[PDB]
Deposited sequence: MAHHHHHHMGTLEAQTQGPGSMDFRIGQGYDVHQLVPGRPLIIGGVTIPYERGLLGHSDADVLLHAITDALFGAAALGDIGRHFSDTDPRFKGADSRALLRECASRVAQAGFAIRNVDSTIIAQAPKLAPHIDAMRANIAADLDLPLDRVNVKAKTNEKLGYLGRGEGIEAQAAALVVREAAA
C-alpha cells in the first residue's frame, strides 16, 4: 500500500530538418523536435513522472551515449524497479497545434507499454491542441505532461 505519485513536464521546439517523433512514433511532418536526443517530448515527460514517483530525481540526474528516448525510458523503468517500485499506471497529454496526433495515439500507447513492461490498459496518451494560443498555438513547440502511479513492493 506504499503508493507514490509522480508528474512530468517537457517541451521542445519544432524545427526544420528533423523527424517528428512522439511516443516512439515517427509522424509525417515538415518539422521535428529539437533536442540532444530524438527529443521525444512525450517519453521524456513520462520518464520524469516515473523518476518523480520513485523520488529518484529527474532525467538530468540520470542521463546515455547517443541513446534514443525509448532506451532511456527503458532504463528509467529499470532504475524505478531497482529502487523497489512497481509501475501501476501512466497517463499523459500531448499538446500540439499540428499535426493531427489521433491516428498515432494507439501506437504510442503500445510503445510505452512495451518499454515499461505494462499491459495496454495501464497506459494512456491524450492529444490536445492549444487553441492557437502562445508558442504552442503558433506551432513553435510541442508540450507533454505525464502522471505516474507506482507502488513500493
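- request: Would you list the gaps, meaning deposited-sequence stretches without C-alpha coordinates, in the order they occur?
  value: Model skips 1 to 21, 85 to 90, 181 to 183 of the deposited chain.
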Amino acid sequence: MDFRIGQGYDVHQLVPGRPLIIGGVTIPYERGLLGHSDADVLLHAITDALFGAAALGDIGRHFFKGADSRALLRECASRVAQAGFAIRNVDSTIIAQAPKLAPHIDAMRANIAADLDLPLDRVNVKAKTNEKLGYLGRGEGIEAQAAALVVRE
From here on, numbers count along this sequence of modelled residues.
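- prompt: In at least one third of the other PDB entries compared, is residue 52 left unmodelled?
  reply: Modelled in all the others, so no.
field: Residue gap status of residue 65, at least a third of other entries
entry: Yes, residue 65 lacks coordinates in at least a third of the other compared entries.
field: Between 83 to 91 and 22 to 30 (mean CA B-factor, as deposited), the higher
entry: It is 22 to 30 that shows the higher mean C-alpha B-factor.
message: If you take the mean CA temperature factor per stretch, which one wins between 116 to 124 and 31 to 39?
response: The stretch with the larger average C-alpha B-factor is 31 to 39.
field: Selection from 44, 109, 65, 70 [criterion: highest C-alpha temperature factor in the record]
entry: The record points to 65.
message: Split into thirds by Cα B-factor across the chain's modelled residues, where does residue 13 land: lowest, middle or highest?
response: It falls in the middle third of the chain.
- request: Tell me, lowest, middle or highest third: where does the Cα B factor of residue 99 rank within its chain?
  value: Highest third of the chain for residue 99's C-alpha B-factor.
message: Please say which third, lowest, middle or highest, residue 60 falls into when its CA temperature factor is compared across its chain.
response: Its C-alpha B-factor, which the entry lists for residue 60, ranks in the highest third among residues of this chain.
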